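Next up: the same protein chain in two forms, each one alone, written as C-alpha cells (structure 1, then structure 2).
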Structure 1
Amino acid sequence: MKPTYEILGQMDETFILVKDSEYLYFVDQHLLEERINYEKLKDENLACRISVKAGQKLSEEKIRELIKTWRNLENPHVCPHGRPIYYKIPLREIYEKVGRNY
C-alpha cells in the first residue's frame, strides 16, 4: 500500500478499511495484529492468543497504529497460518461500474 493513504474506518468490528490511490483494502484486524505479534515474538500460538479478535471495537488511535505497522511488516500479505490478511478491490472496478474514468 502506498505511503499516502486514507483510513475509512472499521466495518463489522472485524475489518479496517484503508485505501491508497490504487486499491481499497479490507484488513482483518485479528490477522493483522497476529502477524505483528508473530514477527515480534516468533511464536504463532502466543501471537494468536494475545491479539485482538473480530467483534472488538477499536479506537481511532489503535486503528492508526495497526495500519502504520502493517505497512512495515516483513510479510504484510498473509498471517502465520497462511490466511490472507486482507481483501482488496481495485478502485478502477468501482469507478468503471458507474461509468467514470480511473
Structure 2
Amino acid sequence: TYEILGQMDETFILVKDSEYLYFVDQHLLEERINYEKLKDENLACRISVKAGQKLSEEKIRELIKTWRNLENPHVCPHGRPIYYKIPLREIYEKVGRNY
C-alpha cells in the first residue's frame, strides 16, 4: 500500500502511498516505536536529536513496516508529528500535470 523512496539528510525517510508523499522523522518514529514497546511517559522527546544517522535499506524497510502497522503512527508520545505529508496532486499540478 506504500513505496519507500529513501533517506534524506540522515533525518527523514521518504515514503509514499497513492495519495501522499510522507517525510517521516526517523527519530520521532523510533521514539514512538520504543514507546509502544515500553510505555515510558517520562522519556525525553527526540525532537532535540540533531545528529543524523545513515540507515541501511533493510533497517529502513523494518522501520517503515513497523510505522505502517503502528496503532499511533501520527505523533510521538509528546504530540510532535512523526511525519509531514504532501498531496501528490500538488506536486503534479506544479509542473502542469493532473493527478
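Residues that one form lacks are left out of the comparison. C-alpha atoms forming the largest set that superposes within 1.5 Å between two forms make up the rigid core. Residues are numbered by position in structure 1's sequence, first residue being 1.
S.K.: After fitting the rigid core, tell me which of 49, 68, 57, 77 has its Cα displaced by at least 2 Å between structure 1 and structure 2.
M.R.: Comparing both forms, the shifted residue turns out to be 49.
S.K.: By how many angstrom is the CA atom of residue 92 displaced between structure 1 and structure 2 after fitting on the core?
M.R.: The alpha-carbon displacement, core-superposed, is 0.2 Å.
S.K.: Once the rigid core is overlaid, which residue runs, three or more long, move by 2 Å or more at each CA between structure 1 and structure 2?
M.R.: Run shifting 2 Å or more: just 44-54.
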